[PDB]
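Quick heads-up: it's one chain on its own, the form deposited in one PDB entry, in structure tokens.
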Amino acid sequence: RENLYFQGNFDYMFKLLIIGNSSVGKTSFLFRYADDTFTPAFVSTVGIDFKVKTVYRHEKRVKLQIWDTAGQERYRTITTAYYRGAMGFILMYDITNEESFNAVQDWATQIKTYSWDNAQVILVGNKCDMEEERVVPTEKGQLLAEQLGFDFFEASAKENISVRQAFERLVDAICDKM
């Protein structure tokens, strides 16, 4: 369902999705990864101002994509195409925002409904640079990740803490499964 074409030849791509509440740092996290790896990102607009943000890694055969949460709430068909056949997820919350963490069960259900049976998930508590504003203890994140069957890390898009770790670890979980 996701392919790369180059010089007459085709190969598969891993569809990896970053999801979570508006304003948890999904775009920042994707863009920090792009910047870290000297890769461009592409941003396309749907409707008034809803965004699709995409990074392609050629050698590594991964497509990383955000379809904004506010967009997912407005467009059913675009959203189901977005989730359909996703291989892995970064499921993101903000350690400084309790509601974003409370939404995780709901995002978990989203993953199982719409995406591949064996899709691997990493729960990421983002904004770990903002310790002074934390409201979600690390132990809550670790324990939910355990009961939902996800991997778990805290990260910082702003400080480049555990940004690469996330995607390389996700592809590894995917390959190990298959």
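Residues that one form lacks are left out of the comparison. Numbering starts at 1 and runs along the sequence shown. For the two forms, the rigid core is made up of the largest set of C-alpha atoms that agree within 1.5 Å on superposition.
Another form exists, deposited in another entry; not displayed. Remarks below refer to it.
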Query raised in the report: After aligning the rigid core, which of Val135, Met130, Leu143, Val46 is the one whose Cα travels 2 Å or more between this form and the one not shown?
Result: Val46
Query - CA of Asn97, rigid core aligned, shift of 2 Å or more between this form and the one not shown - result: no
Query - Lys60: Cα shift of 2 Å or greater between this form and the one not shown (core-aligned) - result: yes
Query raised in the report: Cα of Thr37 displaced 2 Å or more between this form and the one not shown, core superposed?
Result: yes
Query raised in the report: Knowing the Cα distance between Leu30 and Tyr56 changes 3 Å or more in that other deposited form, does it shrink or grow relative to here?
Result: farther
Report task. Quick one: in that other deposited form, is the Cα gap between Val104 and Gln65 smaller or bigger than here? Answer closer or farther; it shifts by 3 Å or more. Result -> farther
Report task. Kindly list the runs, ordered along the sequence, of 3+ consecutive residues whose C-alpha shifts are all 2 Å or more between this form and the one not shown once the two forms are aligned on their core. Result -> 9-12, 36-81
